[PDB]
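> Could you have a look at this structure, given as structure tokens, before my questions?
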Amino acid sequence: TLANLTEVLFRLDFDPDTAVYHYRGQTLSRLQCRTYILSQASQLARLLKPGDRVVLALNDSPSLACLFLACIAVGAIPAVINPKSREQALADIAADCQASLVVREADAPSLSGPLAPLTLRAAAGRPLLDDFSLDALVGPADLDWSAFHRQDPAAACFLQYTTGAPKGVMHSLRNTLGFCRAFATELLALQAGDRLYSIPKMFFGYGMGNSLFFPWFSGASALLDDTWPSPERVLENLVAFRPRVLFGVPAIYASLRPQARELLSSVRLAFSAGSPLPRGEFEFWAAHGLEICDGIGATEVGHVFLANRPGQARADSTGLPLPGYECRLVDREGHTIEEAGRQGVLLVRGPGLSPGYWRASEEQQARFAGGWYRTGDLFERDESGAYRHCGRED
Ligand SMILES: Nc1cccc(F)c1C(=O)OP(=O)(O)OC[C@H]1O[C@@H](n2cnc3c(N)ncnc32)[C@H](O)[C@@H]1O
């Protein structure tokens with residue numbers, strides 16, 4: 001059945017009066033955001049035809065997340081990238097996906113070059129909701145817009161760009177719901193009302209799931225912060241927001257050690273991704289009564305696909321494949337490794353798997369060969385089935 005991801009999220013059975021995003025000491029409800037998204041969608045539909053690409057070079061904010069979903073609502077294909085990207089990096093990405101539109105921070109330069117996109121800027125003053133000058137460009141919004149562009153659930157509806165010539169990972173309605181269900185429901189069992197805080201930003205796939213999607217998907221809420229996460233800023237946000245679920249990385253947990261007491265006041269579920277969690281970090285927080293759950297995700301797989309399960313986490317370990325995912329280890333001749341304590345390259349398939357790169361040579365697309373994503377990570381398995389990272393392929 002033809003569907004639209006934003007519409008599907010809006011139909012999930014959660015109280016429309018509960019928080020969905022927090023920003024600068026303010027709170028926006030699901031109903032407030034839906035109302036704004038549809039209004040903004042009414043304007044974007046005047047500017048973009050179905051399928052047109054859009055690059056958002058913005059700091060984390062409710063307007064970013066909503067604008068992202070408004071693009072999808074009208075059938076556009078958005079991508080969220082570092083707002084402090086070098087000018088050439090932003091052009092290389094916008095060229096790769098042939099963007100029609102780029103939305104940037106206030107005072108940002110215009111994009112140039114062959115077929116350069118239209119550049120619109122956010123408003124100064126960091127308002128809770130931003131029209132990104134759409135009011136002046138296409139006029140005010142419709143009042144009761146609902147003209148969702150519905151497409152095959154397997155089709156691309158947004159992109160994720162992770163040193164080389166940039167590549168765009170396609171994500172579809174189907175595999176996006178796939179990686180949310182596996183991680184937010186089956187692994188973490190997030191609850192309605194759960195206050196989430198992801199330190200990695202939404203231009204990182206990890207952060208896009210944590211902050212953008214999971215609030216809608218599970219009825220939870222996420223703190224959004226448009227300033228860079230220094231330990232000083234992270235702690236103040238911890239004290240003001242008191243999240244129940246923290247999404248961090250190993251160095252973040254290392255830097256939070258001198259503030260263990262403040263974190264323990266609210267955080268009941270601590271997650272780490274991006275790189276291996278050292279045993280030393282796992283045990284320091286265990287001594288303070290905090291379990292840190294290490295899991296691996298990759299842009300090409302949507303989110304975390306192999307992780308320590310809450311309440312059963314172990315030091316120096318990446319845990320188990322999430323439900324629905326299958327993991328395989330291959331030796332240097334492409335043969336599947338069955339033994340434990342024998343390292344090989346990790347391949348994965350499952351609900352979160354991307355259908356491919358937006359624009360790529362056949363060699364690049366070969367990373368998805370055979371229905372598996374080749375992580376390029378060396379892994380070994382132990383007798384319990386749990387995986388441990390062993391380096392990179394060569
Ligand atoms: N997109 C994401 C969504 C959710 C969570 C994420 F981590 C990402 C992400 O890290 O995505 P990414 O930029 O594509 O990097 C993917 C690459 O990071 C490395 N890695 C990620 N977690 C790791 C871990 N816990 N232990 C060891 N190595 C790890 C590895 O080498 C992998 O292949």
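Ordering of the structure tokens sets the chain letters (A, B, ...); residue numbers start at 1 within each chain; ligands are numbered from 1 in the order shown.
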Hey, which residues come within 8 Å of ligand 1 if we count only C-alpha atoms and all ligand atoms? Could you give them as a VMD selection string?
chain A and resid 162 204 to 207 209 272 to 277 294 to 304 307 318 375 to 377 389 391 to 392
> Using only C-alpha atoms, determine which residues lie at most 12 Å from range 141-151 of chain A, disregarding the query and same-chain residues fewer than 3 positions distant; provide the list as a VMD selection string.
chain A and resid 1 to 8 10 34 to 46 48 to 51 69 to 77 131 133 to 138 154 to 157 172 to 174
> Taking 2 positions as the minimum chain separation for residues in the same chain, which residues sit within 12 Å of residue 255 in chain A when counting only C-alpha atoms? Answer as a count of residues only.
19
> Need to verify the contact set: residue 336 in chain A, 12 Å, only C-alpha atoms, exclusion of same-chain residues closer than 4 positions in sequence. Can you return it as a list in words?
residues 327, 328, 329, 330, 331, 332, 340, 342, 343, 344, 345, 346, 347 and 380 of chain A
> DSSP on the backbone, then: every residue of range 133-331 of chain A marked helix (DSSP H, G or I), written as number ranges by chain.
A: 134-138, 173-187, 205-218, 231-241, 250-264, 279-287, 299-301
> Would you return as number ranges by chain the members of range 195-387 of chain A that DSSP assigns to strand (DSSP E or B) on this structure's backbone?
A: 195-198, 221-224, 245-248, 269-272, 292-297, 304-307, 319-321, 326-330, 336, 344-349, 357, 373-381, 387
> Neighbouring residues of residue 166 in chain A were defined as those with any atom within 9 Å, considering only C-alpha atoms; residues of the same chain fewer than 3 positions away were excluded. Please report them as JSON, numbers by chain.
{"A": [89, 92, 93, 96, 161, 162, 163]}
> So which residues touch residue 325 in chain A within 9 Å, counting only C-alpha atoms, skipping near sequence neighbours fewer than 5 positions away, as a PyMOL selection string?
chain A and resi 182+305-306+348-352
> Neighbouring residues of range 225-228 of chain A were defined as those with any atom within 6 Å, considering only C-alpha atoms; residues of the same chain fewer than 4 positions away were excluded. Please report them as a short mmCIF file (atom, residue, chain, number, x, y, z; two decimals) with C-alpha atoms, in the first residue's frame.

```cif
data_model
loop_
_atom_site.label_atom_id
_atom_site.label_comp_id
_atom_site.auth_asym_id
_atom_site.auth_seq_id
_atom_site.Cartn_x
_atom_site.Cartn_y
_atom_site.Cartn_z
CA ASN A 59 21.65 23.01 14.30
CA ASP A 60 19.43 20.67 16.31
CA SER A 61 16.08 22.37 16.89
#
```
> From the set A:199, A:33, A:97, A:315, which residue has the shortest atom-to-atom contact distance to residue 283 in chain A, counting only C-alpha atoms?
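Under the stated criterion, the closest residue is A:315.
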